[PDB]
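For reference, run13.cif is printed below; it contains mmCIF, C-alpha atoms and all ligand atoms.
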```cif
data_entry
#
loop_
_atom_site.group_PDB
_atom_site.id
_atom_site.type_symbol
_atom_site.label_atom_id
_atom_site.label_comp_id
_atom_site.auth_asym_id
_atom_site.auth_seq_id
_atom_site.Cartn_x
_atom_site.Cartn_y
_atom_site.Cartn_z
ATOM 1 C CA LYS L 51 -22.381 20.821 19.451
ATOM 2 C CA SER L 52 -22.440 19.335 15.967
ATOM 3 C CA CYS L 53 -25.506 17.442 14.709
ATOM 4 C CA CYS L 54 -25.378 15.501 11.438
ATOM 5 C CA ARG L 55 -28.010 13.806 9.248
ATOM 6 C CA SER L 56 -26.418 10.399 8.962
ATOM 7 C CA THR L 57 -23.235 8.440 9.690
ATOM 8 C CA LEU L 58 -21.851 9.579 6.340
ATOM 9 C CA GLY L 59 -22.264 13.187 7.450
ATOM 10 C CA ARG L 60 -20.717 12.505 10.838
ATOM 11 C CA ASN L 61 -17.597 10.898 9.324
ATOM 12 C CA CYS L 62 -17.403 13.767 6.862
ATOM 13 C CA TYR L 63 -17.518 16.295 9.719
ATOM 14 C CA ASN L 64 -15.031 14.521 11.963
ATOM 15 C CA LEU L 65 -12.495 14.116 9.168
ATOM 16 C CA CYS L 66 -12.984 17.720 8.013
ATOM 17 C CA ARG L 67 -12.411 18.963 11.575
ATOM 18 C CA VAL L 68 -8.866 17.551 11.577
ATOM 19 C CA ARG L 69 -7.830 20.797 9.870
ATOM 20 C CA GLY L 70 -11.092 22.722 9.457
ATOM 21 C CA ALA L 71 -13.238 24.892 11.699
ATOM 22 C CA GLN L 72 -16.680 23.948 12.957
ATOM 23 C CA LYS L 73 -18.793 26.283 10.803
ATOM 24 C CA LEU L 74 -16.784 25.473 7.678
ATOM 25 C CA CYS L 75 -17.126 21.718 8.231
ATOM 26 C CA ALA L 76 -20.792 21.853 9.237
ATOM 27 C CA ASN L 77 -21.598 23.563 5.951
ATOM 28 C CA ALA L 78 -19.435 21.156 3.919
ATOM 29 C CA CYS L 79 -20.971 18.068 5.476
ATOM 30 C CA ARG L 80 -24.580 19.302 5.903
ATOM 31 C CA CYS L 81 -24.490 19.165 9.695
ATOM 32 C CA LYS L 82 -26.103 21.702 12.059
ATOM 33 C CA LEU L 83 -24.309 23.559 14.868
ATOM 34 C CA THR L 84 -26.316 24.170 18.024
ATOM 35 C CA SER L 85 -25.631 25.468 21.499
ATOM 36 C CA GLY L 86 -28.363 23.176 22.774
ATOM 37 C CA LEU L 87 -27.319 20.145 24.762
ATOM 38 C CA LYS L 88 -29.028 17.677 22.460
ATOM 39 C CA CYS L 89 -29.534 17.325 18.711
ATOM 40 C CA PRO L 90 -32.903 17.617 16.960
ATOM 41 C CA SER L 91 -34.187 14.264 15.730
ATOM 42 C CA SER L 92 -33.753 15.173 12.062
ATOM 43 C CA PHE L 93 -30.018 15.542 12.629
ATOM 44 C CA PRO L 94 -29.314 12.749 15.089
ATOM 45 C CA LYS L 95 -25.730 11.694 14.375
ATOM 46 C CA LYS Z 1 -7.395 15.655 -10.138
ATOM 47 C CA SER Z 2 -10.435 15.420 -7.815
ATOM 48 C CA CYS Z 3 -13.642 13.685 -8.941
ATOM 49 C CA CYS Z 4 -16.832 13.862 -6.900
ATOM 50 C CA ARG Z 5 -20.134 12.007 -7.032
ATOM 51 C CA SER Z 6 -22.450 14.952 -6.907
ATOM 52 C CA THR Z 7 -22.703 18.737 -6.695
ATOM 53 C CA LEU Z 8 -23.029 18.420 -2.920
ATOM 54 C CA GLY Z 9 -19.826 16.355 -2.898
ATOM 55 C CA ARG Z 10 -17.982 18.964 -4.958
ATOM 56 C CA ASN Z 11 -19.149 21.702 -2.571
ATOM 57 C CA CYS Z 12 -18.019 19.558 0.369
ATOM 58 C CA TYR Z 13 -14.616 19.024 -1.183
ATOM 59 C CA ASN Z 14 -14.039 22.679 -2.127
ATOM 60 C CA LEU Z 15 -14.938 23.845 1.373
ATOM 61 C CA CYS Z 16 -12.905 21.148 3.110
ATOM 62 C CA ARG Z 17 -9.908 22.072 0.952
ATOM 63 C CA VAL Z 18 -9.689 25.584 2.386
ATOM 64 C CA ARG Z 19 -7.572 24.060 5.154
ATOM 65 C CA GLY Z 20 -7.563 20.288 4.542
ATOM 66 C CA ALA Z 21 -5.347 18.221 2.237
ATOM 67 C CA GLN Z 22 -6.587 16.420 -0.887
ATOM 68 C CA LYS Z 23 -6.595 12.904 0.485
ATOM 69 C CA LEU Z 24 -8.398 13.817 3.653
ATOM 70 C CA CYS Z 25 -11.037 15.929 1.956
ATOM 71 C CA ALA Z 26 -11.678 13.279 -0.711
ATOM 72 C CA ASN Z 27 -12.361 10.724 2.011
ATOM 73 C CA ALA Z 28 -14.591 13.094 3.930
ATOM 74 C CA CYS Z 29 -16.617 14.069 0.897
ATOM 75 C CA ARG Z 30 -16.561 10.668 -0.805
ATOM 76 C CA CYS Z 31 -14.657 11.972 -3.867
ATOM 77 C CA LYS Z 32 -11.804 10.129 -5.597
ATOM 78 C CA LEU Z 33 -8.378 11.417 -6.534
ATOM 79 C CA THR Z 34 -6.909 10.486 -9.882
ATOM 80 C CA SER Z 35 -3.498 11.170 -11.403
ATOM 81 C CA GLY Z 36 -5.078 11.218 -14.850
ATOM 82 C CA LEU Z 37 -6.978 14.050 -16.494
ATOM 83 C CA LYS Z 38 -10.324 12.311 -16.897
ATOM 84 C CA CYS Z 39 -12.783 11.561 -14.131
ATOM 85 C CA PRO Z 40 -14.648 8.262 -14.125
ATOM 86 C CA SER Z 41 -18.197 8.977 -15.297
ATOM 87 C CA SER Z 42 -19.330 7.641 -11.875
ATOM 88 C CA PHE Z 43 -17.422 10.563 -10.313
ATOM 89 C CA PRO Z 44 -18.186 13.303 -12.801
ATOM 90 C CA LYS Z 45 -18.489 16.398 -10.566
HETATM 91 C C1 LIG L 101 -20.344 12.835 2.272
HETATM 92 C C2 LIG L 101 -21.714 13.013 2.873
HETATM 93 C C3 LIG L 101 -22.751 12.191 2.418
HETATM 94 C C4 LIG L 101 -24.039 12.404 2.902
HETATM 95 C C5 LIG L 101 -24.284 13.422 3.803
HETATM 96 S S1 LIG L 101 -25.877 13.598 4.453
HETATM 97 O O1 LIG L 101 -26.931 13.266 3.376
HETATM 98 O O2 LIG L 101 -26.072 15.052 4.940
HETATM 99 O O3 LIG L 101 -26.011 12.709 5.562
HETATM 100 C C6 LIG L 101 -23.277 14.260 4.236
HETATM 101 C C7 LIG L 101 -21.981 14.032 3.781
HETATM 102 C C1 LIG L 102 -22.835 16.787 1.706
HETATM 103 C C2 LIG L 102 -22.717 15.640 0.738
HETATM 104 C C3 LIG L 102 -23.860 14.938 0.334
HETATM 105 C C4 LIG L 102 -23.715 13.836 -0.496
HETATM 106 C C5 LIG L 102 -22.455 13.488 -0.959
HETATM 107 S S1 LIG L 102 -22.297 12.160 -2.048
HETATM 108 O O1 LIG L 102 -23.320 11.188 -1.788
HETATM 109 O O2 LIG L 102 -20.914 11.504 -1.937
HETATM 110 O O3 LIG L 102 -22.471 12.671 -3.504
HETATM 111 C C6 LIG L 102 -21.317 14.185 -0.588
HETATM 112 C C7 LIG L 102 -21.464 15.272 0.269
#
```
As structure tokens, please, write out the structure in this file.
Ligand SMILES: Cc1ccc(S(=O)(=O)O)cc1
Ligand SMILES: Cc1ccc(S(=O)(=O)O)cc1
Amino acid sequence: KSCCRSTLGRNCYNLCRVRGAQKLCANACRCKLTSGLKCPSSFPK
Amino acid sequence: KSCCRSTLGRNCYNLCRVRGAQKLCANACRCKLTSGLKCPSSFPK
């Protein structure tokens, strides 16, 4: 599951993932990857 | 040429670009593409 800081970070991640892998795009867009079922509140998007 | 707003934006763009195209990564990372050789001072990174 990806968890991003803001809507800007979410649109970064989703566009990046068109060609890019999860870990690569999480680091580019400052999102968090988690195996949890919900995101922490600091990374809600 | 790619022109980014910040160091974080440049990092974003460079990572995205490992597998993504220029236009897509510029949109994701909020950078601008220019045909010229000078970046707008608003997009200096
Ligand atoms: C392009 C972009 C802008 C801002 C962020 S954020 O500050 O991590 O939400 C991530 C990605
Ligand atoms: C991750 C990240 C944070 C912030 C930006 S920027 O606001 O476009 O400089 C781009 C990318």
Task: ligand LIG 102 (chain L) neighbours within 7 Å using only C-alpha atoms and all ligand atoms, as a count of residues only - done: 14
Open item on the list: When you count only C-alpha atoms, which of these residues is closest to chain Z: L:69, L:95, L:60, L:51?
Closed with: L:69
I'm after chain Z in the frame of chain L: fit it by least squares over all Cα atoms matched in order, and give me the output as a PDB file with C-alpha atoms, in the coordinates of the input.
```
ATOM      1  CA  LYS Z   1     -22.555  20.738  19.637  1.00  0.00           C
ATOM      2  CA  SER Z   2     -22.502  19.257  16.102  1.00  0.00           C
ATOM      3  CA  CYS Z   3     -25.502  17.339  14.728  1.00  0.00           C
ATOM      4  CA  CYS Z   4     -25.324  15.428  11.459  1.00  0.00           C
ATOM      5  CA  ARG Z   5     -27.923  13.823   9.216  1.00  0.00           C
ATOM      6  CA  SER Z   6     -26.301  10.474   8.765  1.00  0.00           C
ATOM      7  CA  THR Z   7     -23.303   8.301   9.615  1.00  0.00           C
ATOM      8  CA  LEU Z   8     -21.664   9.442   6.380  1.00  0.00           C
ATOM      9  CA  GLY Z   9     -22.230  13.052   7.461  1.00  0.00           C
ATOM     10  CA  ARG Z  10     -20.671  12.407  10.868  1.00  0.00           C
ATOM     11  CA  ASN Z  11     -17.643  10.795   9.198  1.00  0.00           C
ATOM     12  CA  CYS Z  12     -17.404  13.783   6.847  1.00  0.00           C
ATOM     13  CA  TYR Z  13     -17.535  16.211   9.738  1.00  0.00           C
ATOM     14  CA  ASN Z  14     -14.978  14.379  11.904  1.00  0.00           C
ATOM     15  CA  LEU Z  15     -12.508  14.184   9.027  1.00  0.00           C
ATOM     16  CA  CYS Z  16     -13.045  17.783   7.938  1.00  0.00           C
ATOM     17  CA  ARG Z  17     -12.484  18.912  11.530  1.00  0.00           C
ATOM     18  CA  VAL Z  18      -8.901  17.649  11.593  1.00  0.00           C
ATOM     19  CA  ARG Z  19      -7.946  21.013  10.098  1.00  0.00           C
ATOM     20  CA  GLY Z  20     -11.225  22.860   9.434  1.00  0.00           C
ATOM     21  CA  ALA Z  21     -13.342  24.951  11.809  1.00  0.00           C
ATOM     22  CA  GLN Z  22     -16.807  23.949  13.044  1.00  0.00           C
ATOM     23  CA  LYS Z  23     -18.843  26.288  10.892  1.00  0.00           C
ATOM     24  CA  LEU Z  24     -17.041  25.421   7.711  1.00  0.00           C
ATOM     25  CA  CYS Z  25     -17.140  21.680   8.262  1.00  0.00           C
ATOM     26  CA  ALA Z  26     -20.835  21.750   9.203  1.00  0.00           C
ATOM     27  CA  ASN Z  27     -21.624  23.482   5.920  1.00  0.00           C
ATOM     28  CA  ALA Z  28     -19.478  21.092   3.932  1.00  0.00           C
ATOM     29  CA  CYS Z  29     -20.974  18.009   5.517  1.00  0.00           C
ATOM     30  CA  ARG Z  30     -24.522  19.339   5.847  1.00  0.00           C
ATOM     31  CA  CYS Z  31     -24.497  19.121   9.675  1.00  0.00           C
ATOM     32  CA  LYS Z  32     -25.927  21.772  12.011  1.00  0.00           C
ATOM     33  CA  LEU Z  33     -24.296  23.432  14.987  1.00  0.00           C
ATOM     34  CA  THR Z  34     -26.316  23.992  18.124  1.00  0.00           C
ATOM     35  CA  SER Z  35     -25.472  25.778  21.367  1.00  0.00           C
ATOM     36  CA  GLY Z  36     -27.769  23.408  23.235  1.00  0.00           C
ATOM     37  CA  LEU Z  37     -27.034  19.870  24.363  1.00  0.00           C
ATOM     38  CA  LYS Z  38     -29.700  18.081  22.345  1.00  0.00           C
ATOM     39  CA  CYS Z  39     -29.629  17.473  18.618  1.00  0.00           C
ATOM     40  CA  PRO Z  40     -32.820  17.809  16.603  1.00  0.00           C
ATOM     41  CA  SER Z  41     -34.033  14.287  15.826  1.00  0.00           C
ATOM     42  CA  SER Z  42     -33.643  15.238  12.122  1.00  0.00           C
ATOM     43  CA  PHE Z  43     -29.905  15.646  12.815  1.00  0.00           C
ATOM     44  CA  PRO Z  44     -29.319  12.766  15.190  1.00  0.00           C
ATOM     45  CA  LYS Z  45     -25.810  11.583  14.215  1.00  0.00           C
TER      46      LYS Z  45
END
```
- [ ] Find the residue from L:77, L:91, L:85, L:72 that sits nearest to chain Z; use all atoms listed in the file when measuring.
- [x]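 Of the candidates, the smallest distance to chain Z is held by L:77.
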Open item on the list: Report, in Å with one decimal, the straight-line distance from atom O2 of ligand LIG 101 (chain L) to atom CA of residue Z:39.
Closed with: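 Atom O2 of ligand LIG 101 (chain L) sits 23.5 Å away from atom CA of residue Z:39.
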TODO: Choose the residue, out of L:70, L:87, L:52, L:93, that has the smallest atom-to-atom separation from ligand LIG 101 (chain L); count only C-alpha atoms and all ligand atoms.
DONE: L:93
Open item on the list: From the options Z:42, Z:3, Z:26, Z:15, which residue's atoms come nearest to chain L, counting all atoms listed in the file?
Closed with: Z:15
Please complete stretch 73-89 of chain L with N, CA and C atoms and give it back as a compact mmCIF listing (two decimals), in the coordinates of the input.
```txt
# COMPACT_ATOMS: atom_id res chain seq x y z
N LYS L 73 -17.78 25.76 11.73
CA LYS L 73 -18.79 26.28 10.80
C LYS L 73 -18.47 25.86 9.37
N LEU L 74 -17.20 25.91 9.00
CA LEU L 74 -16.78 25.47 7.68
C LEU L 74 -17.19 24.02 7.44
N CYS L 75 -16.87 23.15 8.40
CA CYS L 75 -17.13 21.72 8.23
C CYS L 75 -18.59 21.34 8.35
N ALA L 76 -19.35 22.07 9.15
CA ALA L 76 -20.79 21.85 9.24
C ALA L 76 -21.45 22.14 7.88
N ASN L 77 -21.06 23.27 7.28
CA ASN L 77 -21.60 23.56 5.95
C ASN L 77 -21.11 22.56 4.91
N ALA L 78 -19.86 22.13 4.93
CA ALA L 78 -19.43 21.16 3.92
C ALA L 78 -20.19 19.83 3.99
N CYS L 79 -20.45 19.42 5.23
CA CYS L 79 -20.97 18.07 5.48
C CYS L 79 -22.46 18.04 5.78
N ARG L 80 -23.17 19.13 5.61
CA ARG L 80 -24.58 19.30 5.90
C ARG L 80 -24.97 18.91 7.33
N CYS L 81 -24.13 19.27 8.29
CA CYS L 81 -24.49 19.16 9.70
C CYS L 81 -24.95 20.53 10.20
N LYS L 82 -25.57 20.54 11.35
CA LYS L 82 -26.10 21.70 12.06
C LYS L 82 -25.23 21.98 13.27
N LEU L 83 -24.96 23.24 13.60
CA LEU L 83 -24.31 23.56 14.87
C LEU L 83 -25.38 24.08 15.82
N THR L 84 -25.31 23.68 17.08
CA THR L 84 -26.32 24.17 18.02
C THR L 84 -25.67 24.43 19.37
N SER L 85 -26.23 25.36 20.16
CA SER L 85 -25.63 25.47 21.50
C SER L 85 -26.47 24.65 22.48
N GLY L 86 -27.58 24.11 21.98
CA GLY L 86 -28.36 23.18 22.77
C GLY L 86 -27.51 22.03 23.27
N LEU L 87 -28.04 21.29 24.25
CA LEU L 87 -27.32 20.14 24.76
C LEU L 87 -27.72 18.88 24.03
N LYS L 88 -28.79 18.91 23.23
CA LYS L 88 -29.03 17.68 22.46
C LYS L 88 -29.41 18.00 21.02
N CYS L 89 -29.24 17.04 20.11
CA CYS L 89 -29.53 17.32 18.71
C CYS L 89 -31.01 17.10 18.41
```
